[PDB]
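The chain that follows stands alone, in the form deposited in one PDB entry, written as structure tokens.
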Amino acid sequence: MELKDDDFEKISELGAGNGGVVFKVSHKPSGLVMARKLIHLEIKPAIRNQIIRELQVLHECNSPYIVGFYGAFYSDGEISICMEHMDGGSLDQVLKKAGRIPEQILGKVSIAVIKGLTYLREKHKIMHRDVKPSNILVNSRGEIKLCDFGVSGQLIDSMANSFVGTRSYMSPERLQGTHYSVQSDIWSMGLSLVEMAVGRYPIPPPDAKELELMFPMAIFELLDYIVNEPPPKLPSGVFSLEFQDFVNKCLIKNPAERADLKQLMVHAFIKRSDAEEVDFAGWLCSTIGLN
């Protein structure tokens, strides 16, 4: 059935980035609890139907690695995208309370992301455009899912400004021009993994004294680092050699040299992670206390 503004009821606020706030809501007619993202866009009515219209392909975005879509509509200056509520939140949140995420777990995470990106590529011909820990969502059934991918050309445009937060996951080629594409998602994924593995955003990399503890930076400074200095890497010793190479292949500067989804899929790390018997569901609650 169609989703309409007054059919919803606010339960709590799930958080905010810039551009959007997201609420936990009850769809009164179905009883379903969902997550409603609201984007305040001061834009003409012609284009705002094109956005709604371009968001409808999300109805055909069915994968266990992609957040579910319920519907999209316009009301009171804001676009509403209504999604499956992920009760585990985003990996940036679980990182905060975890402190650090084990290699084992990041194994299962890496698989979801690669498979998610692959689904979007093959079935829908789109790149993500914003892979970072807060666009990777988890739940109590142990699912790991992507959202906030760039389905709508016109939405991408109307929101065009981006991310100055003292931290950026954009690939060097994306930071330097328009000559970029899907390979860029691999860079972002690689950098997210190193962050989650290490406990902190990994630039500048931990100086010798700072990696001891294992039991800010200005805008131009940070960007210059990304584009001009050698990429981040896992510390040796405490992570497996296969994981180290895996992230190493993700964080190669030259996007044509960088590994692509085809190659990461059949990587030793993924093959080793896929076999492993990991109770993610159990670990997720043990750390964030959902039960």
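We call the rigid core the largest set of C-alpha positions that still match within 1.5 Å between the two forms. All residue numbers are counted from 1 along the displayed sequence.
*Asks:* What size is the break between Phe215 and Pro216 in terms of deposited sequence residues left without coordinates: none, 1 to 3, 4 to 9, or 10 or more?
*Replies:* Gap between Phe215 and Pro216: 10 or more unmodelled residues.
*Asks:* Between 227-235 and 42-50, name whichever shows the higher mean Cα B factor according to the PDB entry.
*Replies:* So the stretch with the higher mean C-alpha B-factor is 42-50.
*Asks:* Going by the B-factors listed in the PDB entry, is the mean over the C-alpha atoms higher for 255-263 or for 238-246?
*Replies:* Mean CA B-factor is higher for 238-246.
*Asks:* Looking at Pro205, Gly89, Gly177, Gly150, which one carries the largest C-alpha B-factor according to the PDB entry?
*Replies:* Answer, based on the entry's C-alpha B-factors: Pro205.
*Asks:* Between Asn161, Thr118, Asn139, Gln183, which carries the biggest CA temperature factor in the record?
*Replies:* Going by the entry's C-alpha B-factors, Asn161 comes out highest.
*Asks:* Check where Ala268 lands among this chain's C-alpha B-factors and tell me if it's the lowest, middle or highest third.
*Replies:* Within its chain, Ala268 is a highest-third residue by C-alpha B-factor, going by the deposited values.
*Asks:* Would you mind ranking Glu122 by its C-alpha B-factor against the rest of the chain and naming the third, lowest, middle or highest?
*Replies:* It belongs to the middle third of the chain when residues are ordered by C-alpha B-factor.
*Asks:* Ordered by C-alpha B-factor within the chain, which third holds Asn135? Give me lowest, middle or highest, please.
*Replies:* Within its chain, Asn135 is a lowest-third residue by C-alpha B-factor, going by the deposited values.
*Asks:* Going by the CA temperature factor in the PDB record, which third of the chain does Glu210 belong to: lowest, middle or highest?
*Replies:* Answer is highest: the recorded C-alpha B-factor places it there.
*Asks:* Using the B-factors in the PDB entry, rank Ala98's C-alpha atom against the chain and give the third, lowest, middle or highest.
*Replies:* As the PDB entry reports it, the C-alpha B-factor of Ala98 lands in the highest third of its chain.
Form deposited in another entry: not shown, discussed below.
*Asks:* Given a rigid core superposition of the two forms, which one of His85, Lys132, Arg174, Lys115 has its CA shift by 2 angstroms or more between this form and the one not shown?
*Replies:* With the rigid core fitted, the residue that moves is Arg174.
*Asks:* For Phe73, decide whether the Cα shift between this form and the one not shown is 2 Å or greater, given a superposition on the rigid core.
*Replies:* Shift of 2 Å or more: no.
*Asks:* After superposing the rigid core, is the C-alpha displacement of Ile47 2 Å or more between this form and the one not shown?
*Replies:* Moves: yes, 2 Å or greater.
*Asks:* Is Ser184 displaced by at least 2 Å at its C-alpha between this form and the one not shown when the rigid core is overlaid?
*Replies:* No; that C-alpha moves by less than 2 Å between this form and the one not shown.
*Asks:* Assuming the CA distance changes by 3 angstroms or more, are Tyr180 and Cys61 closer together or farther apart in the other form compared with the shown structure?
*Replies:* Relative to this form, closer in the other form.
*Asks:* Hey, the CA atoms of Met170 and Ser134 end up closer or farther in the other form than in the shown form, with the change being 3 Å or more?
*Replies:* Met170 and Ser134 sit farther apart in the other form.
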